[PDB]
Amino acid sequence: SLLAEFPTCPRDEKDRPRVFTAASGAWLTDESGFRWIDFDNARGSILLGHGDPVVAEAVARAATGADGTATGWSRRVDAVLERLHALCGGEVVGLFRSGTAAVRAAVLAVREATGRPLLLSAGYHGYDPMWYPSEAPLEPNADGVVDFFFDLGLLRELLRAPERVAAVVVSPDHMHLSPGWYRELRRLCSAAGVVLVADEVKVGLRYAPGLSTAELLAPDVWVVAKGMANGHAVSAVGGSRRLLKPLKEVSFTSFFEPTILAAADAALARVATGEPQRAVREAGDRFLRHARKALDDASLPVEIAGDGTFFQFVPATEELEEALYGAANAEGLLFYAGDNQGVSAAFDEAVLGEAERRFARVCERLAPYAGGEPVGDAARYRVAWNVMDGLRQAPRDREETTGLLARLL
């Protein structure tokens, strides 16, 4: 047991990481030779498909030395910056090595630029300790962060002294929050005169060429990552020159590493067209129509939140949830267990037909659960918490909100 970290990855019945020896398009092969259709896709960072040939060629060329050097600037630096600025807007752009690094740098830059101490947060922003939970819910943690769990009532209370608040930083979820929720968030932040940071590490570049919340939030600062490089190790921040002036202090040794620049330039060129996002939505929607019908035909109490871009199974019980993923594993459908499923643009007709047949076999395996009590709100809240680390949107008062926080924290 040499590894000190605990990486999120597909794990087997003994909680050991599944070992994958090969991948192409939508398909994985594991160490036993078992073949899987991938809905996890490095938690949605594989937008194009595994071993995408154009990205792979670009990386190959860059590995030889013929497309830039790690020692310094290249034309691919300008190309990537230009593309991000065109897609996502803002005045300036910075590049980082993980979503975690990017969101931390972004929010600290805003704290410095505004001179205000608190960050009000909803959703996951990466592994850094600055996001660890406070000792007392709804109080600042040691790094001045207060999590409001996507509850706008709580947010209103936290905005009551806006001079204390550097930014509101929110990781969107388009399965569990409506457009109106976003517009209200934007309204509240504008009224309070506080900066809005959209942490689009997951959703950026995937629902559209640009930011999912470009219009809904018009954020002052954005962060993207998973959509920009077909899995390669890069992230980005952009927004106003003034709010991001503190990023002038950022430099790191691997900045000019040419394979990541080549992958990002290639992937971003494809992203800019809108085609992979359309392909994903359409493929995912087809799979969903089939899956919803299969669950209904089998009288299985499993709803599906979301849409083809990202969806999530919502089973009525934890036992059923475990059985669902067990059956999926038996059929070679690799789902990101409990979380959101993000197909890639490699989900062609052949992949879809096979995923459909496999899912019908999943529903057969689930026959013991036929006719169970339908999904209720406690299940909806528990399942949504697993993907968003806070509360799905639905009517609540403070009693209900605080009850759910006590339950789900």
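So that there is no doubt, residue numbering starts at 1 and follows the sequence shown.
Comparing 41-49 with 365-373, the one whose average Cα B-factor in the PDB entry is higher:
Mean B over CA atoms: larger for 365-373.
When the Cα temperature factors in the entry are averaged, is it 120-128 or 141-149 that ends up higher?
Stretch with the greater average CA B-factor: 141-149.
Hey, out of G90, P315, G306, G326, whose CA B-factor is highest in the deposited coordinates?
The C-alpha B-factor peaks, among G90, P315, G306, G326, at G90.
Highest recorded Cα temperature factor - choice among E257, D199, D339, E135:
That would be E135.
For the chain shown, is the CA B-factor of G72 in the lowest, middle or highest third of its modelled residues?
It falls in the middle third of the chain.
Please place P17 in the lowest, middle or highest third of its chain by C-alpha B factor as given in the entry.
Highest third, going by the recorded CA B-factors of the chain.
What third of its chain's C-alpha B-factors does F34 belong to: lowest, middle or highest?
As the PDB entry reports it, the C-alpha B-factor of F34 lands in the highest third of its chain.
Ranking every modelled residue in this chain by its Cα temperature factor as given in the entry, which third contains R183?
Lowest third - that is where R183 ends up once the chain's C-alpha B-factors are sorted.
Quick check on the deposited entry: does the C-alpha B-factor of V383 sit in the lowest, middle or highest third of its chain?
As the PDB entry reports it, the C-alpha B-factor of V383 lands in the lowest third of its chain.
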